[PDB]
Amino acid sequence: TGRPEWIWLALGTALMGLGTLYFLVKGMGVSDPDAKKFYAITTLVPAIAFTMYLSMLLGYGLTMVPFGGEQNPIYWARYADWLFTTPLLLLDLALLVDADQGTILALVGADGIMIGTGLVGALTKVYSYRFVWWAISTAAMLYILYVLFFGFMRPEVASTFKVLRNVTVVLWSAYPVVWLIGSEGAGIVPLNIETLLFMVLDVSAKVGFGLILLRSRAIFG
Amino acid sequence: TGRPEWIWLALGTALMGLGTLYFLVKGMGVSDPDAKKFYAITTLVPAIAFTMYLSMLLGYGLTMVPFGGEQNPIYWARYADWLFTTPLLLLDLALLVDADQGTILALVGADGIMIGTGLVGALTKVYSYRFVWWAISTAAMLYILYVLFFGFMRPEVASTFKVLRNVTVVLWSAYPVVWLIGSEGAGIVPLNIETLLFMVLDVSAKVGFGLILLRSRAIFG
Amino acid sequence: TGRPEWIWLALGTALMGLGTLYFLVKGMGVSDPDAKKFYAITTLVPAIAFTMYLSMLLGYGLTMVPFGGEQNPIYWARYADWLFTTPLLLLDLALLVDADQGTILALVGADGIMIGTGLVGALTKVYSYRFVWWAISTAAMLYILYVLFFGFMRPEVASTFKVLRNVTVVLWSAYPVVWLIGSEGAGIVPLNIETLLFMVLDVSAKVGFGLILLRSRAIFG
Ligand SMILES: *C/C=C(C)/C=C/C=C(C)/C=C/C1=C(C)CCCC1(C)C
Ligand SMILES: *C/C=C(C)/C=C/C=C(C)/C=C/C1=C(C)CCCC1(C)C
Ligand SMILES: *C/C=C(C)/C=C/C=C(C)/C=C/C1=C(C)CCCC1(C)C
């Protein structure tokens, strides 16, 4: 199509689809309720991302937001994605360490705040205010990372939890930077490069994360 | 009103309302926590449908979607309905057989994918792509039906579960067909007939299903 | 800004923010899982309200709804707020008295119906129908209050539950009145006064309620 980021949307669509079918095949057989739980959550994540990548690819998850006296193309469908997939990823983590419900509610709630404010930021027509929403969203992220480190077993659990937690902090932290420097933000880095950055992070945080998780014996009772 | 499907919207509004008041009266008295659970879920379903039928009746849940070079009237409020009511119906089933949380999450998640993609399909302005969303949605449905049959007691539970599961597969399967042949799809069958088909399915899947369920002793500890 | 209700939006933004930081500091230290649960829920409430107050302040949560042959300014972001915060407040109550899941599902479901119909009412372009949605929403509220009184311990639990339940019925009941007499409704009381009324209720129902709750020992095992 007439959009140069189409290739990354198509590649992300493809990789999320393949990841979904892999984990779907993979989870065939599992009878342990606990593992079943990790398979459900972890397959749903790239399944959802698959549809939102397709929606961006086909142009449905794309809108135009006027700001800085111009018509800026915003892929809103990333937030419909993250809205659902980021809490699920946090659940994987939470279930791994047997977190209190209070801590899970704090994380999921913090998360919704993170994406929803990111969304508002993305759709806001007053340029300056866009970065107020960014700041609040980033504060929510920082709370989440705080909890992951100070708000929380079988060594297998701990070992896998430590790895995925590290994967999580490192990739999740890059998203505010990408946003801030890309088309939604200061407009430093073009949309096509921004889309590639998000595709590389999304596949790693979704399919990379799930591969690490689902190969672990930490998921079995 | 100037819409010939108004009669079916009015009749559905009426039947969902009556079903809600019946199950509300019916559940008065119930102290068994387990049955209480089935009453809550099963009353909420036509209550929600009642509001969405009223919203379509009054014209609020109706929008115009350009495709095939025409202004197509789409009742989007059906998806706000299903978004909430189809997972609840799946919960009735899941609680009946004491399903693992992993299986419940897979079903609810599969379900959201089903309706959300149906919604995107419904609102998509490129005619051809409408049926890509249909296909994905249908794949989600097929997964759900798979799980209902291969992903899962007191004989009462089994007996009622077997009946409602059969009701479920048969009516849920007709919805993709109706969509595909009606105004959202190929435009084979007019909107007023399509609305009647959906009203007959919705009342049967909601009020018919609940009557069968709530008369059963399968719902009591 | 050019809006005379800005001061109340700014004051609400401020008070919700301060309430969020107070309860966040306050909950530092808590290790009792049960109390943790009450801290999560109760901090999230004004956190969410903070963002929606900011969104109204900045003008993002404001839209124009034509009715009565005029362009009526509707703050839709109040419903995005309530959609999440009113169920959470009901959870605080529900967890306090150890409510059955059936009763919690009935309350949360009743609640979503309440706000969602309030939203539809708010955005409806046919003046008369606006009050049909109001009536249904009010019926949902009345059900909720019914349950709080007839649908349900340590004396501490009972004592705090009795107080907060009284706070709840009294403030929640004023919201339908405010709506009905203000800009969304009959247009009796101007928007700026309406916004002040909602700001006073919101801070009391959110921060006032949380202060009463979180000072109680009812929240600890
Ligand atoms: C499945 C994809 C994942 C793990 C995406 C994570 C996205 C975030 C952690 C986003 C955070 C952002 C902020 C902290 C600042 C504002 C903009 C956002 C939403 C990109
Ligand atoms: C309360 C009403 C019920 C049980 C409705 C069920 C609706 C479905 C099972 C819808 C499925 C569809 C597809 C599988 C294809 C795409 C379009 C849909 C959403 C009509
Ligand atoms: C955090 C704020 C709270 C507790 C807000 C509560 C709001 C309600 C109880 C709203 C109810 C309304 C109706 C019953 C009638 C229609 C309009 C509403 C949504 C204002």
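Residue numbering: from 1, along the chain as shown.
Heads up, header says this was done by X-ray crystallography, 1.8 Å.
Just so it is clear, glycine is given a Cβ too, placed from its N, Cα and C backbone atoms.
Going by Swiss-Prot topology annotations, B:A35 is found across the membrane from B:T124. Looking up B:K26, B:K206 in Swiss-Prot, the residue bearing an annotation of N6-(retinylidene)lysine is B:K206. The two recorded residues B:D81 (site 'Primary proton acceptor') and B:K206 (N6-(retinylidene)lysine) have their Cα atoms spaced 11 Å from each other. All chains included, 27 other C-beta atoms sit within 10 angstroms of the C-beta of B:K206 (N6-(retinylidene)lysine). In the deposited model, 6 residues between B:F152 and B:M153 are missing, and the Cα-Cα distance across the gap is 11 Å. Recorded stretches compared: B:40-58, B:163-181, B:194-213; the one with the most Cβ pairs under 8 Å to the transmembrane segment (B:131-150) is B:163-181. The transmembrane segment (B:40-58) is in contact with the transmembrane segment (B:194-213), judged by 3+ CB-CB distances under 8 Å for residue pairs 6 or more apart in sequence. Of all the Cβ atoms in the protein chains shown, 25 others lie within 10 Å of the Cβ of B:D81 (site 'Primary proton acceptor').
In terms of DSSP helix, strand and coil, the topological domain 'Extracellular' (B:182-193) has 3 helix, 0 strand, 9 coil. When Cβ distances are compared across the two stretches, the transmembrane segment (B:76-92) makes contact with the transmembrane segment (B:104-123), since 3 or more pairs at least 6 residues apart fall below 8 angstroms.
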